[PDB]
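In structure tokens, the next block holds one chain alone, the form deposited in one PDB entry.
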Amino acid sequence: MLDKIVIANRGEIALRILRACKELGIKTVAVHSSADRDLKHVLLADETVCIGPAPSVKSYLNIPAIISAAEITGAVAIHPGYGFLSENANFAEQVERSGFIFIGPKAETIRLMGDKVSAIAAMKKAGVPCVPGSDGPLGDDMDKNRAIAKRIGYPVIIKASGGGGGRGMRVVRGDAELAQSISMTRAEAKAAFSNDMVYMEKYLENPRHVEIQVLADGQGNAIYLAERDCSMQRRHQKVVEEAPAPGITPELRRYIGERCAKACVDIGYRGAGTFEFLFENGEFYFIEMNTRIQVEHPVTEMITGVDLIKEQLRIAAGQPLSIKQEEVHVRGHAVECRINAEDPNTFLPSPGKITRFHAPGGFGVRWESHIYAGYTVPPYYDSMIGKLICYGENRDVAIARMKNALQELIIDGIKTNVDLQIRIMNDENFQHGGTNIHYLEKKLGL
């Protein structure tokens, strides 16, 4: 087992990783900004290193500082969590060059998945279903671009190759808007990523977001751990996630899961990963792969019994997966509600000091959060302050328990989205299940 690791993150996920480390007897190094000295995981960590001031550029994105913390403490590995540097291939490369273990895939694999065009080519080659598209980057020949659009059939969508998470895309419904849509997407990608490559896909009108969890070890084993529906979104940001996805049969699960595991073998994948699909009219279409552990991982843990963070750590140590595919069984149902410190009218972050706090408890109730009474939510980081996950023997019980747990949750002193989450749990269409990626914004009239 790894002797000591740097937790290169903050907030709830840093605490999540710390718990897993403690269970495995792994010593912890909590690197933190000057604004995060009183983070719960920092207070629980074996060693702490202040890596810079509050702004993330000088702390959680500061590659030299993080690697230096690993060096000075005698750590052997770095867990990047999610966000920050977790999808930064150059960071992974530098970590390995510096002689530490990066808890994730090989840097080349991170780079492959960060290039959406290259990622799609790889998945298509491996037999994973993808969205009908350009199968390559678009050039500047608008005669050619119109021909590609005609072959796919309007409506289409232009996407940045160096992008992700539904950001910076534009839908095109006819030739008259194609040139400008391509140009603008290109320009925005260049300004954001210094990478102006774009591609084209068929635009699906009302898909659901269904993603497959995988794990692959360095012994050649690769397994899938069912799926999650993450269709409840605002501005492409997930709000509620659940597992399994309503309406997905064991046969469909097996079909798509096997193709994802096969792809992992083909590309030499290692660690946790997520294959994101659009699901419409009973069909899956791959859009992108995330190589990190994700925010919504706990719903998969609840329904499979597999501790995904511990598996990440085992894999990085050179241990084989603790479970085989035939030992993975979907049991029950889990829902996750993200808890955000946000204004209910503007949806802007709402930082400040928590004056009273009380967490829900009970059978099937799992609360993932670093917050506590008297804790100050800083303005410098993401609005998500916790995650409430409820498990039941079926979907209805999971929803019932979430309703009850949301009512017990007290977070005073700052504005949160608890009341919105209560509204979503009471939504008749959510209760029926299978709502699409546009539903929440439609409900809210946004």
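For every residue, the number given is its place in the sequence shown, counted from 1.
Omitted from view is the form deposited in another entry, to which the following refers.
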message: Treating the motion between the shown form and the other one as two rigid parts rotating, tell me which of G386, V131, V172, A75 is at the hinge.
response: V131
message: If the C-alpha spacing of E283 and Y154 moves by 3 Å or more in the other form, is that a move closer or farther apart?
response: closer
- prompt: So the Cα-Cα distance between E283 and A149 shifts by 3 Å or more in the other form; is it shorter or longer than what we see here?
  reply: closer
